[PDB]
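Enquirer: here is the sequence, then the experimental structure:
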Amino acid sequence: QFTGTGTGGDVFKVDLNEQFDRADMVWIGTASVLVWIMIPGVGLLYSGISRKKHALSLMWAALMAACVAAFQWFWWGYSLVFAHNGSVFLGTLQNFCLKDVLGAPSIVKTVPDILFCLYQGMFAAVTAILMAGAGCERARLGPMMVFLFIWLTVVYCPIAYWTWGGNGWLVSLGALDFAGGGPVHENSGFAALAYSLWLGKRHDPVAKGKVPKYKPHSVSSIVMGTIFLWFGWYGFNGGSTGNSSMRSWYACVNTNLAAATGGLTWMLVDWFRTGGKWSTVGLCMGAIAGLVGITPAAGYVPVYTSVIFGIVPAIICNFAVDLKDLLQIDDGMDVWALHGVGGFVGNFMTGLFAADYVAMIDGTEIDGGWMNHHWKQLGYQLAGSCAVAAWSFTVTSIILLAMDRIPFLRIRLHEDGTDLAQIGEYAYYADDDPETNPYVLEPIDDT
Amino acid sequence: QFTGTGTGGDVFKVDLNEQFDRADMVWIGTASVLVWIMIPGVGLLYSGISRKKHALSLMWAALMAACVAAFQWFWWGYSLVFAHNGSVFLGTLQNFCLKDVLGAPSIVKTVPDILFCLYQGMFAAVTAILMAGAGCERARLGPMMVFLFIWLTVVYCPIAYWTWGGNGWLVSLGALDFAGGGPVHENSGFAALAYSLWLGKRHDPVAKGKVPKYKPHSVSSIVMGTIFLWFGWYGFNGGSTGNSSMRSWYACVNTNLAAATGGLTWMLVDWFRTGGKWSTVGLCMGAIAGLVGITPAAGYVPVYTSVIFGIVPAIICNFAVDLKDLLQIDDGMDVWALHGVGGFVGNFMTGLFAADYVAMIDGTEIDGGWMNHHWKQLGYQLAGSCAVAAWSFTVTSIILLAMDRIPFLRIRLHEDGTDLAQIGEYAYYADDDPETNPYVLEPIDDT
Amino acid sequence: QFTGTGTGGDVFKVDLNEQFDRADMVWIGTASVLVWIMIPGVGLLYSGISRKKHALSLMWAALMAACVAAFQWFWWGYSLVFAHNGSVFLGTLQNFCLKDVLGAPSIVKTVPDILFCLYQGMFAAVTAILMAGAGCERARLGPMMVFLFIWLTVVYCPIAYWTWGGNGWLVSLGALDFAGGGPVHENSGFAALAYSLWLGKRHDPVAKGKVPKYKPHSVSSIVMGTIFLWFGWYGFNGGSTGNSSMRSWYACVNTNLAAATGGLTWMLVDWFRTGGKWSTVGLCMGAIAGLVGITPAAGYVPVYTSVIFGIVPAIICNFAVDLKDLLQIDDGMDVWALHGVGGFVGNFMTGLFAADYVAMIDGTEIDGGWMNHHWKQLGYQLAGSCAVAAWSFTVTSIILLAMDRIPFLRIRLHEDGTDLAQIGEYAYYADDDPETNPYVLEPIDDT
Ligand SMILES: CCCCCCCCCCO[C@@H]1O[C@@H](CO)[C@H](O[C@H]2O[C@@H](CO)[C@H](O)[C@H](O)[C@H]2O)[C@@H](O)[C@H]1O
Ligand SMILES: CCCCCCCCCCO[C@@H]1O[C@@H](CO)[C@H](O[C@H]2O[C@@H](CO)[C@H](O)[C@H](O)[C@H]2O)[C@@H](O)[C@H]1O
Ligand SMILES: CCCCCCCCCCO[C@@H]1O[C@@H](CO)[C@H](O[C@H]2O[C@@H](CO)[C@H](O)[C@H](O)[C@H]2O)[C@@H](O)[C@H]1O
């Protein structure tokens, strides 16, 4: 009388709630709310850090992303990731417009479909504002919204299915990704690098010669963003057990400690490299690097190793940021360095420190990693993170370039010398007051 | 040995907690905390949107409202709405100063009195800062606080009882109001219109001729407010089941989707009406309109209809805002257009799309609306929303006018030409710095 | 097969989760997240209130404190407070680096070790940013971080053990401290007074003669801080039951009401003392005073007495702030007046109003206070708050002075007249822009 398909049964004849522990559902409902406030967190963070005045306010853009992503998820995003009749590479349109999404056990069986929909939808939205922030410089809004809908559909949704889906080939292969380091962070990072390399401003003056590595538009914005992100990450990582067990709280302790050691580590590196300065921007980026690092690992690794997930990503991401000098590109490179590089490092290290007895805390069964002499685990992590990077860079490139050849879908004006025109363009962007301007400052052309 | 009255029994002889599912209580406790942060959310929103410099900071005023409303609720607000011995129009003073408020099942039987008190108290506080924001222009603080205490007592509390109370006549009549669209939004909106029409500044220059429809004091404030409100609304709507079932999470999905489609819809309307501009203020107002729209409906309607609750309120509220031109009044009209008009539209539409099988998800029994060929439901919604609008406008008018004839209770100086006096009044309000001024800039008169 | 020691048992043979109610764990997990956002709350509050421009941004410093405190807690802070093999004055290094912290019932038996670790760790972090804010004026960052690690280890951890530990002598003596008014507020306040008296700037011009009592750096910052603190305090106080019972929600109602009456009370006192001005800073400080006041009491006293916990601390703390005039010291005195004095008053009053039938709501057994003719309870409170004040002032003094005699550990330059040097020092601090400066403005000396 509980069917385990469609709606899960007839509400007029059964209590669909009897299939689930109530406390499990409450923790996952709460966690969903927490992940949501991470979305403006991303916006405040990349708005503040910018070494350039972005015409588009990313704090505002975070609300736009929340709107676009929620409609995409409802329309067919959810179905494409978490339908029960999927192949090994993709879901279906079976839950188009959330049809029959109710009380059947979700692919995470301790919660029903409708709760898993709510939870996982927040993950797609966080990824959308990361993507929007990566390609925001001189972006046209219309094209940006279209781009996000397309990118969530053909880049986020396939990768998410491989990672989390019923018959996802990475699931079947035995690759570990606790809280979606692959679909969210690694994914958005390498999509950001496609933006940088194809549409980013080349020979950029903020990224060339002896200019300061850190030159923030707004420190108070960076801090507010980091606050929202660290606060929300308890639901992001802690809710990825799908339950109310103590593995949830174990994963929260790991999240806190990786952030803390990441923050301190990056600020220490900067101290050595500057000859004794204390970096305010760097402490914040280090916390984000630890959070990203521990994401694929938080419910799999022992508590004292969570420190390594703060330390090692902070060091490597800190140096990765220097590649902006080498390439002389600024646009999009911060998101690649933190989420792309940090996601890769964290996914790799999970292969080293995953432990079957950490997973077993709530009955979850894994072979483990190098901790349990499971050497081959490292190979499973690499196949995951290489597949994710390859698909993300390639398909994001194809979308950017294809939209670039269509005049009314082009995301960024090509900027391909009238004295009067240059004076006007400068003043157009310089005089704008985002605080009081009721309208988006749309990129301006020769007409 | 569980009495079901007063305190519910003797703590020294029974565990009063045995009467309730623990997960139910945890979700409602959590939801209470969430609703609380909506209070500064309202303050930041209406502070930012203002086309005029308000002498009173509404962000600060939100904390004042939290103080006044919590004391009023404790004193007799709770008793007047949720006492167990009420008539059909009002409660009693039986729980004066929260006497014997403990472990008896509340009128929402899945939680005890003391938890329902906490939860529903947040609803009264949200309504108080909406009211304070509606009548803040040139308000005197002393009179404003008194006004709020009186207005919560004789306007909020009767309407809330009709909607939610043990023998409330709207409850008995079969009108649907899931999360209090009536007591909170519709109520505060039509009380706002009474302020506009009786005390609002007439022939206002920001609302007359060809002046810009949107001219915000602070965009970053609007965005921060919208963030807090959308975040908190998960508890506002999701906790209105009184339990931990999947109807709670179903209602959260509806809340997210209505906000998203409301945001996109209002920004699209503005795009047509401006000939291609992207409205930053409008995206935010559209999200608020959807949230308001879905409030009476969130746990009653099917997921794909939640889109309509974003779209239709966004369009109608957008045009309602133009009535400010027609009347040449600005003061108080934003709250009427969003909460008054949006609450009305959402209450009406609930009569159309309510479905007994959506309610049945957690065992709740309703005849449903037009979805279940229950045509008469639309008539029940209209009687609710007309009663609410009539009582709110009339009794708020009477309070405003009565306080206006008492010199030391008058809320706003009548402003009924010395050259020197006008220069001084202008400079008084212009020179004030809210960031650093330790005191409220009290309205200034000829002495 | 549940051992009740070390890890609590073998995860491969038992479900350690069977020992606990799931709803209990979910509420305490949620509460932990809430307490965390109180940390930037403290930072925003004391940044905004300052009558001086602090070279160190306290909003930023709150994230630093979160990093340092999380690492200290992991390293040995947790072990020193909540190890199961402690003496009567201190814990052990048994859980060094969180070794074997998992599934054994914690000293609060309704939650496991790993969840109690997470929860109580937030309390240590809140105390760390209070301490950092108290001694931030002209602080050198390196020394400040070292200082925090040392102070949490030898001041916070002993006092916390006495209050909360397995064999803590204050626990055994029967002193009541519901949510840690002793370890957090009283403690940090009297440590702040040691800073003021030993390192604070003497004959300070902002604290001398006829200068304004309130002269805030940023009102919007005070308000944002108060918002985060009041929001988080629901977890701070509500989670101190260790469970999901209605005593948790009872304690939340008490928290809300004490804040509200504290806010209104302080603003009323200021109104009398200024001859009719409305104090924006004072409403906020009054809310904080009530929150502090009700902290040792929230789950022990009857609801209508929670009003007294707002009123009496607001009055006394308001006058305590005047002692800054008497001493002509500003540095560190705000934290003493609010948390030191307010913690003392609230601890004292708990001895008066504690009621065994309030505790009994969830089965907790106490003799009660003067409500249950238990006169001796007042003596137990005094011994607690005198021990806490004595240990905090003395050992903080010794740490400050000892670091002051070591050139590279000195927290504040001694400031012990070149015309050119004075012009330069003035311009150094005046010209700094915290919004855009990528580095901490380190105190500057003659080289
Ligand atoms: C499910 C989510 C989907 C939401 C809706 C998506 C709609 C997007 C389609 C593109 O729309 C165009 O985008 C603007 C570019 O941003 C256009 O140009 C506007 O902006 C300038 C571009 O900078 C132009 O030069 C024009 O002056 C001005 O009309 C604007 O007219 C509009 O036609
Ligand atoms: C349970 C919640 C209730 C909380 C307490 C409510 C108390 C309110 C009563 C009214 O109080 C008056 O309000 C001020 C007006 O705002 C008065 O004028 C003050 O403000 C100016 C008005 O603009 C005046 O001209 C005077 O100079 C100045 O004394 C002030 O003196 C005070 O008498
Ligand atoms: C577990 C948490 C622990 C985290 C790490 C703690 C490390 C703290 C040790 C002290 O470090 C010193 O602190 C700076 C003082 O703040 C020093 O001077 C720096 O700052 C100026 C002091 O104002 C000096 O004059 C110098 O120019 C400049 O090098 C800096 O070099 C560094 O040696």
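Expert: Looks like it arrived, so ask away. Residues are numbered from 1 along each chain as shown, chains lettered A, B, ... in the order given. Ligands and ions are numbered 1, 2, ... in the order given.
Enquirer: and residue A:184, what does it touch?
Expert: Residues in contact with residue A:184 (C-beta atoms under 8 Å, 6 or more residues apart in numbering or on different chains) are A:123, A:126-127, A:130, A:295, A:339, A:343. To be clear about C-beta, it is placed using only N, CA and C from the backbone, and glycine gets the same treatment.
Enquirer: reformat these as JSON lines; add neighbour count and distance to residue B:216.
Expert: Shown next, in JSON lines, are the contacts of residue A:184 (neighbours: other C-beta atoms under 10 Å in any protein chain shown; distance: C-beta to C-beta, whole Å):
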{"residue": "A:123", "neighbour count": "24", "distance to residue B:216": "32"}
{"residue": "A:126", "neighbour count": "28", "distance to residue B:216": "27"}
{"residue": "A:127", "neighbour count": "29", "distance to residue B:216": "30"}
{"residue": "A:130", "neighbour count": "26", "distance to residue B:216": "27"}
{"residue": "A:295", "neighbour count": "30", "distance to residue B:216": "37"}
{"residue": "A:339", "neighbour count": "29", "distance to residue B:216": "32"}
{"residue": "A:343", "neighbour count": "30", "distance to residue B:216": "37"}
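Enquirer: look up how far ligand 2 lies from residue A:57.
Expert: 37 Å (C-beta to the nearest ligand atom, to the nearest Å).
Enquirer: distance of the closest residue to that residue other than its chain neighbours from ligand 1?
Expert: Of all residues not flanking residue A:57 in the chain, residue A:434 sits nearest, at 5.0 Å (C-beta to C-beta, 6 or more residues apart in numbering or on different chains). Separation of residue A:434 from ligand 1 (C-beta to the nearest ligand atom) stands at 17 Å.
Enquirer: can you check residue A:71 too?
Expert: Taking C-beta to the nearest ligand atom, one finds residue A:71 at 5 Å from ligand 1.
Enquirer: isn't that residue up against residue B:264?
Expert: Yes: Residue A:71 lies in contact with residue B:264 (C-beta atoms under 8 Å); the separation is 6.9 Å.
Enquirer: find the residue at the geometric middle of chain A.
Expert: residue A:184 (3.3 Å; C-alpha atoms, centre = their mean).
Enquirer: and residue A:100, what does it touch?
Expert: Applying C-beta under 8 Å, 6+ apart, the residues near residue A:100 are A:6-7, A:94.
Enquirer: so it belongs to a strand, correct?
Expert: No: using DSSP: H, G, I helix; E, B strand; the rest coil, the secondary structure at residue A:100 is coil, not a strand.
Enquirer: that older thread, tell me which of the contacts of residue A:100 fall in helices.
Expert: Judged by DSSP state H, helices contain none of the contacts of residue A:100.
Enquirer: on that earlier part again, residue A:71 and residue B:264: who's more crowded?
Expert: A side-by-side neighbour count of residue A:71 and residue B:264, using other C-beta atoms under 10 Å in any protein chain shown, places residue B:264 first with 23 against 19.
Enquirer: mind telling me what element the closest residue to that one other than its chain neighbours is part of?
Expert: Distances taken as C-beta to C-beta, 6+ apart put residue A:67 closest to residue B:264, at 5.1 Å, once the chain neighbours are dropped. Element membership of residue A:67 [criterion: DSSP states H and E] is helix A:58-72.
Enquirer: could the C-alpha coordinates of that helix be exported in PDB?
Expert: Taking Å, rounded to 0.1, in the frame of the first residue of the first chain, the C-alpha atoms of helix A:58-72 are listed here in PDB:
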ATOM      1  CA  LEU A  58      26.300  40.900  -7.600                       C
ATOM      2  CA  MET A  59      24.400  41.200  -4.300                       C
ATOM      3  CA  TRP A  60      21.400  42.100  -6.300                       C
ATOM      4  CA  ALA A  61      22.200  39.500  -8.900                       C
ATOM      5  CA  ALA A  62      22.100  36.800  -6.300                       C
ATOM      6  CA  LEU A  63      18.300  37.400  -5.900                       C
ATOM      7  CA  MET A  64      18.000  37.200  -9.700                       C
ATOM      8  CA  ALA A  65      19.900  33.900  -9.700                       C
ATOM      9  CA  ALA A  66      17.600  32.500  -6.900                       C
ATOM     10  CA  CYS A  67      14.600  33.300  -9.200                       C
ATOM     11  CA  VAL A  68      16.000  31.800 -12.400                       C
ATOM     12  CA  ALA A  69      17.300  28.700 -10.600                       C
ATOM     13  CA  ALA A  70      14.100  28.000  -8.700                       C
ATOM     14  CA  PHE A  71      12.100  28.100 -12.000                       C
ATOM     15  CA  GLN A  72      14.600  26.000 -13.900                       C
END
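Enquirer: picking that back up, show me the contacts of residue A:184 that map onto helices.
Expert: A:123, A:126-127, A:130, A:343.
Enquirer: what sits closest to residue A:116 if chain neighbours are left out?
Expert: Leaving aside its chain neighbours, residue A:116 sits nearest to residue A:106 (3.5 Å; criterion: C-beta to C-beta, 6+ apart).
Enquirer: is residue A:168 in contact with residue A:88, as I believe?
Expert: Yes: using C-beta under 8 Å, residue A:168 is in contact with residue A:88, at 6.8 Å.
Enquirer: up against ligand 3, what does chain A have?
Expert: Contact residues, chain A versus ligand 3 (C-beta under 6 Å from any ligand atom): A:264, A:276.
Enquirer: which residue does the stretch 51-200 of chain A have closest to chain C?
Expert: Per C-beta to the nearest C-beta, the residue of the stretch 51-200 of chain A with the smallest distance to chain C is residue A:51, at 9.9 Å.
Enquirer: need the contact list for that residue.
Expert: A:206-207, A:212, A:214-217, A:330.
Enquirer: and which of these is nearest to residue C:413?
Expert: residue A:214 (25.7 Å; C-beta to C-beta).
Enquirer: pick out the residue in chain A sitting closest to ligand 2.
Expert: residue A:436 (28.7 Å; C-beta to the nearest ligand atom).
Enquirer: look up how far residue C:244 lies from that residue.
Expert: 47 Å (C-beta to C-beta, to the nearest Å).
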